[PDB]
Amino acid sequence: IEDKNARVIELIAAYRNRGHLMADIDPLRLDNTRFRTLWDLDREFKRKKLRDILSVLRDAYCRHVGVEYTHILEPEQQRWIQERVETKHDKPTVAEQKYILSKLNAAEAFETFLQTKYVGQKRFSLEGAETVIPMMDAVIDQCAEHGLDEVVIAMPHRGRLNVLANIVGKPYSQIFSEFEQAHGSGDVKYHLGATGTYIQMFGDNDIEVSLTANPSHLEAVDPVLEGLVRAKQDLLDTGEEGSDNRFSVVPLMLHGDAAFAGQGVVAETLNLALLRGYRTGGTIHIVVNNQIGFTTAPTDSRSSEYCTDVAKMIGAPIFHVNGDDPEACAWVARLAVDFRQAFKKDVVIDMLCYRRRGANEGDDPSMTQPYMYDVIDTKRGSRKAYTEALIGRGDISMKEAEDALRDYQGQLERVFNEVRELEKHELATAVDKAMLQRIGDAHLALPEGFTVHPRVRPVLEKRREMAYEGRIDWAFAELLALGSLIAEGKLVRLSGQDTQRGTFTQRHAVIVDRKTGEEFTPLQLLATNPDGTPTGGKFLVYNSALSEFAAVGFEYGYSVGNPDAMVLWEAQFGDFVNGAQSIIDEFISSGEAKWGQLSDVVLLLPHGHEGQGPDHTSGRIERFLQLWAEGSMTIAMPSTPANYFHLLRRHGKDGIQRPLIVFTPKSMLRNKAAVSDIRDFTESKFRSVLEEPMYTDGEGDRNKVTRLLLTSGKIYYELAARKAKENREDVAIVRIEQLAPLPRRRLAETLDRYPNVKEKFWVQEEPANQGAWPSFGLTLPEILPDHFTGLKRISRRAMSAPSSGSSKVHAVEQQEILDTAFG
């Protein structure tokens, strides 16, 4: 009947849409509520019997795999999943089953060794979650089967050393070398990066496997992994910026259930997944879902059914899999890789498991989760269970079962023995005029039929004029630096919020056709020599998403992935970079000292007191200076276009991997005094300390100076204009262009040229507790006591905010600084 056939259609849709709500995914079965005509079952429907349709639906959607995919908007993706999930799956070969068991044996023997040999390692234990090892193995093996080049992993602490041994393939001698509290991070080896080669067992392919470094800040590494992968993909000419659509470098990202639901950086990183500036062709996510977060239950950790519900944001398919079924876990891992290869989109695997040990050393987890731990106490391991089931199903003989147990024992013996044996042993930046002229000419070498917006056309003509006649402004000097690096063969990646045009309408790195909307990148012409051959260089410029945390994390990641790239991230205003504070604190400022991991990332932070309020005034110079330690970063605030040009060229050509923090201008972009001569680009270098041009080039007399004003940034021009207005020959203004490391020798040598100075003042726009004064006021009299003893401060008064909220108050305070400096 038509009514009966309709009930079947509704039944099929119910299993496809909501079957996952009844699938037997929890190996602990904590929730019992979850589970709570006969003649029609043998009737054929449109041609299969109802019982056979219902058996296929129960096997596919209500067994050990919960499939969520009907939320996906692309019908072809829903169809692809449906077809692969709704078929009579042939059980794996005994060889495949034995191989999964061997990986479970290796994982368990590793955990047993680690928890028996050392005392304080329980909090990092993978016990109850060992099925993640044959699962990761299946991901990597499937990537090798597709002929891909590398799998890059990011993960937290749980099972880290097991992943090093059984996935990366690192030897025990390297893993437990100089191996080391009830809480906190263990050995530094729980944080370091690693590289290895994975060799297929039943295939003839190999693939590179790497693991990126990370802090204890859960999920903070997520955008770093994406950036590192994208840099590697651009190097291999694969993916978005490549010749092929393979995206042959795969991000494999591990997570914990509580961190995946609560950390905002997860959503920000998922949001990058299909962006032209940030896509990596889909990430394979594995959530180690042990249904606990330290002592916190999932009902206090999230407001949704699953810890993975955030991934619905980008229409990713989600697979909830029972961690006690390593075959279903391996099968889902392979399906995930196939989906990622077919659609270049993220796949999330929610592996339901348990945490056998506590949240900290000496923890009795039944104190806060008595019910969960009374169930965990009855649980046998996933290895013993999978071995028991294979004999139960008659898949392996009793002899084969004992050999598997002696493989376990041999694996345990080997790591004890190997660690026992280990314990027994224990450049010029100036360019030629022709280079400047070429970059100028590039702004007018428009494609045939291209229509420039009438307001952009004068910018291009003025850049040709500047290249040939001088008075080069800040925005053009930046493009002269990047353009000349591209001409020399360097990859330049520039990104940030509205960075193609520039927040202050100054950059125009990308220009838009007035009639078609087609994008044109003038600096990209520098990637080709006049002979028509490539330089090897490239200009990659993007408008970022409205993120700071993920975007800064990505760019840091990108510089790690390709140390030969020039990577710049620009804040809309330096004031918004505090949204990426975790990246600044945990990776950029400290990654080198903590993990030996190097980055040459540039942060461009528009900075300056101009009356636009406390969120459009400061990049927090004082915070970056406080983070600095010898050799960790370079911190600068250039006052001239040419000095900024030389700063960027020195950074890209010095052969050193060190982050550069630049406090960049806003109104000073259009200050007509803030322009440079051609000779400043062709016959000079970066100057960490600058004197007034009247003393280095003019008829100024340094011996008339009794008051020395030390400063940095745009306030120089205001100080210099007041000096000229009042003909103050008794006053000299010295700029500190490089704030960190302090240019001690150049500063001492410059000050020695003013012998009649009776008083020295550090002049700054920022409040007394901000800017360079908190560090300079303490460091300058200590590093140079014969020069800075008695150094006094001229600044805004100390404030709890970077500035006043009133532009009227700003103007009064600015004038007060100028009147004090010349009082």
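A residue's number is simply how far along the shown sequence it sits, counting from 1.
Per the record, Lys46 and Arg47 are separated by 4 to 9 deposited residues that are missing from the model.
Going from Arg36 to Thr37, you skip over 10 or more residues of the deposited sequence that the entry leaves unmodelled.
Relative to its counterpart among 642-650 and 700-708, 700-708 has the higher mean temperature factor, C-alpha atoms as listed in the PDB entry.
For the pair 488-496 and 575-583, the record assigns the higher mean C-alpha temperature factor to 488-496. The PDB entry assigns its highest CA temperature factor, among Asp564, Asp300, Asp187, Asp615, to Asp187. Comparing the listed residues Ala811, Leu11, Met799, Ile25, the entry records the largest Cα B-factor for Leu11. Ranked by C-alpha B-factor against the other modelled residues of its chain, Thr70 falls in the middle third.
Per the deposited record, the Cα B-factor of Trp569 falls in the lowest third when ranked against the other modelled residues of its chain. In the deposited entry, the Cα temperature factor of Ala385 places it in the highest third of its chain's modelled residues. Among the modelled residues of the chain, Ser676 sits in the middle third by CA temperature factor in this PDB entry. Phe176: CA B factor in the highest third of modelled residues in this chain (values from the PDB entry).
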